[PDB]
Structure formats: structure tokens, C-alpha cells
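So you can see what is in the structure, the chains are spelled out below.
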Amino acid sequence: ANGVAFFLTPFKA
Amino acid sequence: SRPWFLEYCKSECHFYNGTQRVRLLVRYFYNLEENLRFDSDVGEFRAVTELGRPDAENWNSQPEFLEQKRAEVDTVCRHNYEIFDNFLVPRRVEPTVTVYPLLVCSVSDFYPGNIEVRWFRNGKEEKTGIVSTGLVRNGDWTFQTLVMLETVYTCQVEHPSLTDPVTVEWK
Amino acid sequence: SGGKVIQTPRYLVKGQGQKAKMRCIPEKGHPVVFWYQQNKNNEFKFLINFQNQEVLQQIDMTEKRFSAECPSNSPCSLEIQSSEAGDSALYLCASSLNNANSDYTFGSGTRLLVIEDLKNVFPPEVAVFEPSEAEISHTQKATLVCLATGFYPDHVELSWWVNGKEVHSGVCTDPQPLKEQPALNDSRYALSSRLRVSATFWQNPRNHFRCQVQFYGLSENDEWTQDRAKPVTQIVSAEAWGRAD
Amino acid sequence: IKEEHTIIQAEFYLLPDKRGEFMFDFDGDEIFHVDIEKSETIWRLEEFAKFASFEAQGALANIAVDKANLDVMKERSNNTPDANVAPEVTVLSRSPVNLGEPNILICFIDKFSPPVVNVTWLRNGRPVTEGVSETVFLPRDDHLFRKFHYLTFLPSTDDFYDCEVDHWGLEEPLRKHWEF
Amino acid sequence: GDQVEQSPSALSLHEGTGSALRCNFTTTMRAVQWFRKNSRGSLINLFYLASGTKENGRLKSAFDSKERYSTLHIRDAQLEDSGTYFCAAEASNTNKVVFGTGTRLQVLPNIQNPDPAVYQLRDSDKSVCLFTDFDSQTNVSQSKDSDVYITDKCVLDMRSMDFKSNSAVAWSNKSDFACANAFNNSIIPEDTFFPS
Ligand SMILES: *[C@@H]1O[C@H](CO)[C@@H](O)[C@H](O)[C@H]1NC(C)=O
Ligand SMILES: *[C@@H]1O[C@H](CO)[C@@H](O)[C@H](O)[C@H]1NC(C)=O
């Protein structure tokens, strides 16, 4: 159970 | 009509020849229009339309953010490939070939989409009068296709899941 | 301001069941704020994070026992509704710029101590000791020694002031103030410091030396029904003048 | 002997439907998606779950941000003009069809935007509710979306099926036919 | 238990030497951060690394995402490098920042000319004893009987004259107390100068 990684989405403005 | 508003974000990891060459392409959309891009081969945000310029100017002024994103080629992309190379990449599913009357060669239930299908009449590849449907994605990690020959009779199927080519012939 | 995070107060002492409110001003332009609670084992316990006014995440304890808000154009705050002994720790505030990032920049932190009885609180006695003549003959340097004694809790900040200006060069302060009585608990504390200057400088009587100790104790709102003076937050000083041969 | 692949993380938040979506794609097929409401990872094939993991509250956090961003983009854009790209529908069978032999019908809705459709299966002119499966909104190379609808059935020369797809870009609900 | 494996726990460096701190990660980290807490100081931000190496003065930091580690290198150790060092990184497959176990770094100054001595100071009428100018090899031990107090050793730096010196302070109220017997509890240098 090695967990896939994801991109963090940033707040705009 | 009916007004709608969509904030869409696709982060694509492109692998050419395994984890050797990798590029990350993040695309921000608003409704039907792509407005922002992050191309790892560029290393910065670029606005595709004026709508995305504020984000570009804002985020590019953050070196430590850009430093992280350029690095996401290793920390995320190559990371995930390491995981998915255990079951997704090497996944193989053997095709099921069926022939029925124009002569139809039905290749179904196979993965991956790498497939070669030829028509042999009398042992020569009839490289003409070939009507194919193209590759069709069933959406459940299986493919299917119909390759047809318009003559008034054997077809061969080559596939990465097949050590030796599969052949079927009609009467 | 920035790039600096201002946490106030530096120290805080409260009686069990009292409210403990502490404040934090995130760096200028920084919308992300984190609250961490660090114990004696250098463990960082997450409490709550904001972006501007909206709370992104918090834990069960902070939800039930703490109340926090980060008002627009106003200092962020974290308040314990009912203080208990277990809440004695260092509360750290960290601000960022981009939620999808790290690059925390921590504040000075607020040291909170929760005790049963506030009658144990004592201000520090400050005493300055003049350079020994032996050292001057032997080394051509002059060491002043400052002693702060009999205070509680161990919440003090010592500084040396020469001729109205804070100095740092040649200054040495104990890392941790020591218990005057290791046996027993709630014991009052002691703290020492040295300021070494050239012999010629100490022998100039126009030069003014001051040892200043900031004590963090009770506030004006806190009740005090004892005979002795109210042990509030205050400055306690002692000083000495230059002395010729 | 060259492995050439693609992994896509697609997420969005949609108004006025007030729904968000999160999924991972590998070479055009769904690896998984996250039920935003339920907060649990939904692997496209059950067999995947033995090999990988995804922390779901990560996806929830994103959509929360995507929600907020949508308001920012709305206020930003001077005029948001409604425009629609109509779907193209195709119905066909997962396997070669044999009479009396269990099979699956596939409704391939492709090349559309926004991600909102009404899709209805029709056995002999009437809607079916039993044996139907649905796919979240899948990504493409472009800005458009893709979707799959499935129907389990037993073949007979008496039955004929249809897949009917309605989308804000179509004048008339598109109905695609399939019989033996 | 859910922190980053950071080694070593504690560290002593002679002034002008160097050594390395290291974090071991249990998975691919997105980026690494290094902190230092002074003596009564705030947490000072040292580095933010996402890849490769960064160098800041006498500090160099390295981060290898793949090999799952990060190192902080101190060279030419100075007095002000003393403190507690923390690393902090967030995993690529989570949303949460996790911290290292911490490293306590103590830097021992180089005393060129040791001059161990004990002086007595009068109130500007209390009196105190000052053990000073000894080398870093000398260890100060706590006073036993409860009426005499001794502080741990401390280093001061006269920047103007490029001179550093160790010092410890001892005091009491008991009438049997004299500077001669103040620091008897410790193993002091044999040639300690005793005035008066
Ligand atoms: C692709 O990379 C593999 C190793 O991963 C190598 O053996 C092969 O020669 C490479 N192919 C090309 C065309 O560079
Ligand atoms: C689906 O049907 C509902 C009413 O049944 C309607 O409000 C909605 O607009 C329809 N969706 C589309 C895409 O036409």
C-alpha cells in the first residue's frame, strides 16, 4: 500500500 | 439559455521512454477556454489568454513555488510511475479473435491498444480494400476493433500479450 | 510587517480554568496561518490552520477546547476557554504565502504555563555586582555580574543597557534559570548574567551600566487580595556607574 | 521496446450544479476517482486497490480550493459567454454479440462540455433502471470531456435498445440505436 | 512516532570544525525545510529545498527526493551556530507537513590563552564568585549544599577585540561561604588563580 501522489492546487488571488 | 461556470485543472505527466525523459504540463481551464499553463520545459507559468495573466504574474514572483513545481517531475510524476509500473504499465490482456461474413475480423477484449491486424488471402497480405473501424476504447481497460476486407481468407493478429501471433481462417 | 512574525505575549501564566488568549501577526501579505503546539519533547502538534478568515482544518481538541479567529486587518488569536495543566506548552504561529507550498516562517512563540494557585507568583530581585579589582590587574578587562533571584515562574528576559543603549557584545546569560530549591515544586527561580568590558572603559565614571529584567506575570485585570504587592508584569532594574582607580 | 505513457490528474468544480470531481487517468483510462461527498477512493477496477492507495481527504481539499477559485475567475472575467460543445454519441457492444449469451452495451458520449448530461437507456422504447453503470467525467487531449454508460443485457431478436443523451448544446436529444 | 528521523540527537563541535545533520524520509517528499532555534531566540528559517543543493554562508543543504534524505552541513562552526535544528517536509502523497525529531548543536569556543581564575564581586551589600577564562575542556558541576548556588558555564564574545571567554557564577548567603571553596565541587584546572 504505497500511496500515489497528487498536485496541490493553490488559491488564486 | 442556462449559464454555467467551470474551473478545470489538468496536470499531465508525460513519460517518453520510461522515467528517462519526463515533462509536466499543468493546464488551467475556465469553461471552454484554456487560460493558464505550466510547462516544465519552460519552468514558469505562461498565460494562454488574458484571463490567466494575473495568476501567472502572481505565481512567477514566487521562486520557492516555481522551484517546487519544476521539481514535481521527480516528486510526483516519476514517483507515480514507480507505483503504476507494478500493475498498470505491464498489464496484458489476451485478445479474442472471431471471423464472420465482406469478411470481418473481430478482435475484442485486449490490452494494451498496441495491435497489428492483417488480412491474408492465399498467404499474401491483402494490403488493399481494407475497411477498419480504428481502435475503440471500452473504458474498462479493454479495447476492441473490427478490421474488414472487401473481397468476394485468413487474418492474423499480433499483440504484446501474445508470444506467438494468433491466426484464424475461414472456409 | 515582515519578514517577521510577531507573537504576543512572549510568556503567559494563567490559573487553571482561566482564559488564555494569545495573538499572532502573520507576515505582511501572508494569507496562510498555522498554529502549532510544541511540548518538552520537541514535538509539533498541529492545532488549526486558516486562510485569511476561513478555517481549512483543525483538530477535535481545538474544535471543543480552543477558539481561534483571524479577523481581517486584525491580529490572529488563539484562546483557551478553560486552561488546564496539560495546556502548558509553546504555542507557535507560522505564516505562509501559498497554501500549496511550505516555506513556513515561525513566530517568536508564546510560552504558556498553567498552575493551580496564582499566589505562587513572585517578581524578581535584581542586583548588580561591580568588577573585581583583581581581574582588572590580571586581565585588563572588567566583568560585571547581574543576578535575578526569587521570581516565579521562570518567565524573564534579561538585557544589558550601557549609556541608554542596549548592548549584546560581551554579554552572557544563563541558558536556563535554575531552581533556588530543586526539592519541592513551584520553587522560585534564579538567573545570572555577565557583561565584560575593557578595563579602561569600566574606569570611566561617565559610563552608565544597567541590568534590566522583564518579568511576565499577572495582568491588571487579575485579582489580588494578598498583603504584598501585586506581582504584575513589570521591569525590575539594577545599575552601576563607572569607577576610576 | 519504448515505453511511452501519460498520467493525468483532472479535477474540476461546476456551477450551478455545485459538484466537484477528482480523478486519475493512465493512458486514457481511469485509474480511480474520489467521491467528494462520501470521501472515499473509488478504483476503476477492484483489482487495482491491492497495489495502490490514495489519501482521499487530499482530493477533498483540492475541490474546496477549486470551488473558491471559481468565484475568483467569475469576478475576474468581464463577460462569461455561455457556449456549448455538443456531444457525439455512439452505442455498441463490449463483446461480439451471441444470442442468449450475456453481454454489455456501451454508450460512448464523447467530445462535450460542460460536464453535465442526462443519459437514459431505452429497452423497446422504455427506460431501464436495472443493470446500468456510469462513468465519471473523463478527460481528453482538449478542453472537452468524455463519458461512458454501460448496460448489461441478454440478447434476443425481439429486443432493441437505444441510448439517449441530452446536453445543453443539442437542439434535440440525441438518440442512438442498436439492434441485432 | 510520526516525525522525521533526524540524526544526530545532539552534537558538539569545536569552534572552526564542521559536521552534518541528516533527515531520513519514509517516502517521496515534496520539498524540505530547515530551521534553527537560537538561545531564547525565535525559529529562524534557514533553507527551502525542493531539489539539489543550496548554500548559505557557512551552511550548505542538500535534498535528494529519490534517495529519501536531506542533509544540513555546517562548516567553520562559530559560536552563533549553537541551537536546535529542525527539518520539516511534506510528503508528496499527503497534505500535511511533518517535522524532524530535532538536533541540539553546541559549539565549544577555542580558547587560545587559558587563564583560569576566581574573583569576588561586591554589590553596587551582597557578594558573588566568578569562575572565568577557563578552557572548554573544563566542566562546571552543580553546588551541593542547598545554601550555595552555581550556574552552568556560559560563553561571551567581545567582538571588538576578538576575544571569547568562559564563565560561571556562584553565590550564597551562608556565612561559611568563601570564594576559595565555592567551586570545590568541580574538577577545576590545577593552576587556577586565586586572588586575595
Ligand atoms: C529507452 O530507455 C531504455 C532504458 O530505460 C534504453 O535501454 C533504450 O535504449 C532507450 N531507447 C531509446 C530510443 O533511447
Ligand atoms: C436534465 O433534466 C433536468 C430535468 O429533468 C433539466 O433541468 C436539465 O436541464 C437536464 N440536463 C440537460 C443537460 O439538459
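Explain the overall build of chain C to me, and be specific about the residues and the numbers.
A count of helices and strands for chain C gives 3 helices and 20 strands. Projected onto its principal axes, the C-alpha positions of chain C cover 65 × 45 × 30 Å. Within chain C, contacts between residues at least 6 apart in sequence are counted, and of these 62% link residues at least 24 apart.

Give a detailed account of the environment of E125(C), specifying residues and quantitative values.
Residues and elements named next belong to chain C. Considering the arrangement of structural elements, one finds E125 in strand 12 (residues 125-129). Measuring from C-alpha to C-alpha, the distance between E125 and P26 comes to 35 Å, with 99 residues separating the pair along the chain. Once residues within four sequence positions are removed from consideration, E125 is found in contact with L147, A148 and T149.

Let's hear about the layout of surface pockets: which residues, and what values?
Any empty space left between the atoms is revealed when a probe the size of a water molecule rolls over them. By volume, the second largest pocket is sized at about 1400 Å³. Around the second largest pocket sit 50 residues that line it, and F34(C), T94(E), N95(E), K96(E) and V97(E) are the ones nearest its centre. Broken down by secondary-structure element, the contributors of at least two residues to the lining of the second largest pocket are strand 4 (32-38), strand 5 (44-51) and strand 6 (54-58) of chain C, helix 1 (56-76) of chain D together with strand 9 (83-91) and strand 10 (97-99) of chain E. By residue number, the principal contributor to the lining of the second largest pocket is helix 1 of chain D, which donates 8 residues. Its residues placed into classes, the lining of the second largest pocket shows 23 nonpolar, 20 polar and 7 charged.

A description of the domain arrangement of chain D should follow, citing residues and the corresponding values.
Residue and element names in this part refer to chain D. Split into domains, chain D comes out as domain 1 (3-81) and domain 2 (82-180). Counting residues at the interface gives 15 residues for domain 1 and 13 residues for domain 2. Across the interface of domain 1 and domain 2, roughly 1000 Å² is buried in total on both sides, 63% from carbon and sulfur atoms. Its largest share of buried area at the contact with domain 2, domain 1 owes to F12, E21 and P81, together 31% of the area lost on that side. Linking domain 1 with domain 2 are 0 salt bridges. Viewed at the interface, domain 2 and domain 1 are joined by 5 residue pairs in polar contact. Contributions of two or more residues to the side of domain 1 that touches domain 2 are made by strand 1 (5-15), strand 2 (19-26) and strand 3 (29-35). Here the side of domain 1 that touches domain 2 is composed, by residue class, of 6 nonpolar, 3 polar and 6 charged.

Talk me through empty space enclosed by the protein; I want residue IDs and the actual numbers.
As a volume, the largest cavity reaches approximately 60 Å³. Taken together, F7(A), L8(A), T9(A), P10(A), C9(B), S11(B), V26(B), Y28(B), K69(B), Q9(D), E11(D) and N62(D) make up the lining of the largest cavity. Elements supplying a minimum of two residues to the lining of the largest cavity: strand 1 (5-16) and strand 2 (21-30) of chain B together with strand 1 of chain D. Of the residues contributing to the lining of the largest cavity, the split by class is 6 nonpolar, 4 polar and 2 charged.

Just give me the short version of the UniProt feature "disulfide bond" in chain D, but keep the residues and values in it.
All names here are of chain D. Measuring from sulfur to sulfur, the annotated disulfide partners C107 and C163 are 2.0 Å apart, close enough to count as bonded by the 2.5 Å criterion. Taken as a pair, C107 in strand 7 (residues 103-112) and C163 in strand 12 (residues 161-166) lie far apart in primary sequence, 56 residues in all. You can call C107 buried: its relative accessible area is 0%. Using a relative accessible area of 0% as the deciding quantity, one classes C163 as buried.

Residue-level account of the sheet that holds strand 19 (residues 208-215) of chain C, with values.
Residues and elements named next belong to chain C. Taken together, the 4 strands give an open sheet; going across it, the order is 15-14-19-20, and neighbouring strands pair in antiparallel fashion. Where the open sheet ends on each side, the last strands, each with one partner, are strand 15 (165-167) and strand 20 (234-241). Taking the axes of each pair of neighbouring strands and ignoring which way they run, one obtains an average angle of 35° across the sheet. In this sheet, strand 20 lies alongside strand 19 in antiparallel orientation, the contact comprising 8 bridges. The partner of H208 across the bridge, within strand 20, is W241.

Kindly report on the sheet that holds strand 3 (residues 20-25) of chain C, identifying the contributing residues and their values.
Residue and element names in this part refer to chain C. Spatially, 4 strands are ordered 1-3-8-7 in an open sheet, and the strand pairing comes out antiparallel. Looking at which strands have only one partner, the edges of the open sheet turn out to be strand 1 (6-8) and strand 7 (66-69). The sheet shows a mean angle of 15° between the axes of neighbouring strands, direction not considered.

Describe the pattern of salt bridges, listing the residues and the values that go with them.
Applying the stated criterion to the full structure yields 42 salt bridges over all chains. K54(E) is the salt-bridge partner of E67(B), the closest N and O atoms lying 2.9 Å from each other. Of the two residues, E67(B) sits in helix 2 (residues 63-84) while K54(E) sits in strand 6 (residues 52-56), which places them in two different chains. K54(E) sits in the partly exposed class, given a relative accessible area of 29%. Notably, a salt bridge pairs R140(D) with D142(D), separated by 2.7 Å at the nearest N-O pair. Judged by its relative accessible area of 19%, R140(D) is buried.

Describe in detail the side chain of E67(B), supporting the description with residues and values.
Overall, the relative accessible area of 15% leaves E67(B) in the buried class. Polar side-chain contacts of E67(B) include one of 3.3 Å to the backbone nitrogen of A50(E). Side-chain polar atoms of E67(B) contact the side chain of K54(E), separated by 2.9 Å. Among all residues touching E67(B), those that are not within four sequence positions of it are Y48(E), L49(E), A50(E), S51(E) and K54(E).

Pulling in residues and values, what's your account of the pairing of strand 7 of chain D?
The side chains of a regular strand alternate between both faces of the sheet. Residue and element names in this part refer to chain D. The element strand 7 is extensively covered by neighbouring structure, given that 7 of its 10 residues are classed as buried. Where strand 6 (residues 88-93) lies against strand 7, 6 bridges are found, and the strand directions are antiparallel. Looking across to strand 7, one finds that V91 is bridged to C107. As paired strands, strand 7 and strand 11 (residues 145-153) are joined by 9 bridges and run antiparallel to one another. Each bridged residue has a counterpart across the sheet, and for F108 the counterpart in strand 11 is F148.

Calculation notes
- Residues numbered from 1 in each chain as written, not as in the entry; some residues may be left out.
- Chains lettered and ligands numbered in written order.
- Heavy atoms only, no water.
- Residues with missing side-chain atoms left out of burial classes, pairs and counts.
- Helix = DSSP H or I, 4+ residues; strand = E, 2+ residues; numbered from the N terminus.
- Contact = heavy atoms within 4.5 Å.
- 1 Å grid on protein atoms, 1.4 Å probe; cavity = no way out; pocket = protein on both sides within 12 Å on 5 of 7 lines; lining within 4 Å.
- Points joined across faces, edges and corners; volume = space filled by probe spheres on them.
- Nonpolar A, V, L, I, M, F, W, Y, C, P; charged D, E, K, R; others polar.
- Domains from an automatic or database assignment.
- Buried area = accessible area lost by both parts, 1.4 Å probe.
- Salt bridge = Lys/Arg side-chain N within 4 Å of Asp/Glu carboxyl O.
- Polar contact = N/O pair within 3.5 Å; in protein donor to acceptor, adjacent residues only side chain to side chain.
- Disulfide = S-S within 2.5 Å.
- UniProt positions renumbered as here; feature names shortened; annotations may be inferred.
- Buried < 20%, exposed > 50% of the residue type's maximum accessible area, 1.4 Å probe, protein only.
- Pairing = 2+ DSSP bridges.
- Axes fitted to C-alpha atoms, helices over the stretch in contact; angles between N-to-C directions.

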